[PDB]
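**Q** Handing you a structure now.
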Amino acid sequence: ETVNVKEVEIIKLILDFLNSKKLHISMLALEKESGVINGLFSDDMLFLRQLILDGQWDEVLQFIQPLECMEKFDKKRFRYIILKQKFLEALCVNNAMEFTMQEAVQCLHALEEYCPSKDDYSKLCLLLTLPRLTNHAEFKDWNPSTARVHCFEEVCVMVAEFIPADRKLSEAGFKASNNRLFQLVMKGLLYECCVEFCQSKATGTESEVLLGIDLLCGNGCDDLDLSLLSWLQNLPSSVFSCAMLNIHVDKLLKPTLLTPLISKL
Amino acid sequence: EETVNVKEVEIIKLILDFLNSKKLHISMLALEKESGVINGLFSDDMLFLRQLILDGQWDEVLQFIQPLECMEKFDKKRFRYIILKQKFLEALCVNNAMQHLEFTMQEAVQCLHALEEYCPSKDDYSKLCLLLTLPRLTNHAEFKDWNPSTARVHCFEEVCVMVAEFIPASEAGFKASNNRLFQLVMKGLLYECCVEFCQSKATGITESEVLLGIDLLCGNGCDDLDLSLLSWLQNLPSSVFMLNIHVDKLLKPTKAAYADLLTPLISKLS
């Protein structure tokens, strides 16, 4: 038999991994370049996602404008989120330089009336004096990609109780489960260990096999062949009647993007 | 109960190898810059040269590799040719992205003057001059799917092959093998197949049913597996001692080249 694999699902696996590690810049770049989305969204929800992740904030405001007429919608918070992200992106474009400064000032004047407090507007004004918006302590790790991701998540939580988004197909078959890439890599390493054990015993150890794992190369550079499966089938049935693993993962860190320029142009 | 150690840096190395294999170099560079991980064994000078070439710092590259121009086993014409050609292509690209404030045209003419003495043939320089009358560098017949990031990666590969003779570096156990991520994912799928087979005969299956029941996005039953199969094979008696796969290639959208045609402008603003 012939197994068929689709690279879009491998891209979904690595996209889920990037989202798990909060590598949102790489995630957005991969979505833009491969056109693959690890998720299933309704048409309106998907359109709002595409608008927010592309910095088209005025189109976001117009697309969600019909939802502002209702009572318990809190349009002030939605407009605040959208206009604050727009102003931060305008200020970020201006820090990389008379036109961007004007746009930042206009965005600040627009969000003037939607701020929760008067001190928040003063903070957003003081952000104009700084040579780069990342100088503020509350904005040290601000970047357009993860900001767009968080903004889309917040707007989705806000508008979810108004526009139906659950009336969709089951995400099983269009999404990775949970750490699917990591689990498949672990299972492939265990498969390599089992094949190495079967090859070592037939050609003349317990923990040395588990300690001989090479993630990057795999020790013996072999390929994919249906041997262990066919070997387990030929075994007699009287063997299956007889009879966890501590995985220590090591996280990483990278000490700290001009995405909104591609949205304006 | 023994424990294994897994570096997520190496998983990201596998992901970067997979991204390079499919020419997804924009997201590859984004992942490198965001995670601080480079898939490969490079010296501190090699890493800085990679950084300069990928960030479009062409004059910095020329100043950096200048001490190597005097060596005998080092070609000076080809290196300067490719570096200045990438510089000129990026200048023409930032010129194609633009009121009348176009000093980028003068800068591109300067770049074309710089590489005039390094072209391999007069016809090649005439072709490079014919790109000035085109309103779009990628609208040319010989530049249909040209990509700045991909061109930067290829230029770095060429310059690395060139300057590899000097300032080199530890074995090659710092980068993943060819399509290592794909091989490991396929092996994990076959491991799931073997586990479901061992769970089937010992309880309640054919050779083709396990292959048809394979699932990439979701597990067989989301069974979080351990060394159960390994411990089973480990205590077996001593008397107990091909596949063609079709991969559907990606059809990435056209909106990627139009988007990446602004990366030279980003490098010029950095």
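Going down the list, the sequences are from chains X and D. All letters in the first sequence, in the order written, are residues 5 to 101, 111 to 217, 221 to 259, 264 to 276, 283 to 291 by full-length UniProt numbering. All letters in the second sequence, in the order written, are residues 4 to 101, 108 to 178, 183 to 217, 220 to 256, 264 to 292 by full-length UniProt numbering. C-beta atoms are modelled at their ideal positions from N, C-alpha and C, and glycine is treated no differently.
(1) Taking 9 Å as the threshold (C-beta atoms), are residue 5 of chain X and residue 223 of chain D in contact?
(2) Considering only their Cβ atoms, is the gap separating residue 167 of chain X from residue 68 of chain X smaller than 9 Å?
(3) What is the C-beta distance between residue 87 of chain X and residue 52 of chain X, in whole angstroms, given that I count them as a contact (C-beta under 8 Å)?
(4) Give a yes or no on whether the C-beta atoms belonging to residue 31 of chain D and residue 17 of chain D are separated by under 9 Å.
(5) Tell whether a beta-carbon distance below 9 Å holds between residue 91 of chain D and residue 121 of chain D.
(6) Could you work out which residue in D/165, D/25, D/7 and D/44 is closest to residue 178 of chain D when comparing CA atoms only?
(7) I want to see whether chain D comes within less than 9 Å of residue 204 of chain X, judged by CB atoms only; does it?
(8) At the 9 Å Cβ level, is residue 275 of chain D part of the contact set with chain X, yes or no?
(9) Indicate whether at least one CB of chain D lies closer than 9 Å to the CB of residue 100 of chain X.
(10) Taking DSSP as the reference, what is the three-state secondary structure of residue 47 of chain D?
(11) So what does residue 270 of chain D bridge to, in DSSP terms?
(12) Do residue 74 of chain D and residue 175 of chain D count as a contact pair if the criterion is CB distance below 9 Å?
(13) Helix, strand or coil, according to DSSP, for residue 150 of chain X in the structure here?
(14) Can you list, in chain order, the residues of its chain with a C-beta nearer than 8 Å to that of residue 146 of chain X? Leave out the 5 residues immediately preceding and following it.
(15) On the DSSP bridge assignment, give the partners of residue 290 of chain X in chain order.
(16) Are residue 212 of chain D and residue 201 of chain X closer than 9 Å when you measure CB to CB?
(17) Do we get a CB-CB distance below 9 Å when we pair residue 163 of chain X with the residues of chain A?
(18) Pull up the CB-CB distance for residue 42 of chain X and residue 181 of chain X, whole angstroms please, since I reckon it's below 8 Å.
(19) CB residue 210 of chain X to CB residue 245 of chain D, shorter than 9 Å?
(20) Looking at the structure shown, is residue 219 of chain D part of a helix, part of a strand, or coil, going by DSSP?
(21) With 7 Å as the C-beta to C-beta threshold (strictly closer), list the residues of the segment 140-163 of chain X near chain D in chain order.
(22) So, does the CB of residue 94 of chain D fall closer than 9 Å to a CB anywhere in chain X?
(23) Counting only beta-carbon atoms, is residue 109 of chain D nearer than 9 Å to chain X?
(24) Go ahead and label residue 252 of chain D buried or exposed: buried means 16 or more other beta carbons lie within 10 angstroms of its beta carbon, across all protein chains shown.
(25) Could you tell me the alpha carbon to alpha carbon distance between residue 214 of chain X and residue 247 of chain X, rounded to whole angstroms?
(26) Could you spell out where the alpha helix (DSSP H) holding residue 162 of chain X opens and where it closes?
(27) Answer yes or no: does any C-beta atom of chain X fall closer than 9 Å to that of residue 197 of chain D?
(28) From residue 172 of chain X to residue 186 of chain D, what distance separates their C-alpha atoms?
(29) Could you check how far apart the C-beta atoms of residue 274 of chain D and residue 37 of chain X are, in whole angstroms? I think they sit under 8 Å.
(30) Check each candidate in D/144, D/22 and D/170 and name the one with the smallest Cα separation from residue 78 of chain D.
(31) Buried or exposed: where does residue 162 of chain D fall if 16 or more other Cβ atoms within 10 Å of its Cβ makes it buried?
(32) Can you name, in chain order, every residue of its own chain whose Cβ lies under 7 Å from the Cβ of residue 111 of chain D, other than the five neighbours on each side?
**A** The structure says:
(1) yes
(2) no
(3) Actually they do not touch by this definition, with Cβ atoms about 16 Å apart.
(4) no
(5) yes
(6) D/44
(7) yes
(8) yes
(9) yes
(10) helix
(11) X/10
(12) yes
(13) helix
(14) 92, 95, 96, 99, 140, 152 and 155
(15) Answer is none; residue 290 of chain X lacks a bridge partner.
(16) no
(17) Among the protein chains in the structure shown, which are X and D, there is no chain A.
(18) About 15 Å separates the two Cβ atoms, so there is no contact after all.
(19) yes
(20) Here chain D breaks off after 217 and picks up again at 220, leaving residue 219 of chain D without coordinates.
(21) none
(22) no
(23) no
(24) exposed
(25) 14 Å
(26) 157-172
(27) yes
(28) 49 Å
(29) 6 Å
(30) D/170
(31) buried
(32) 98
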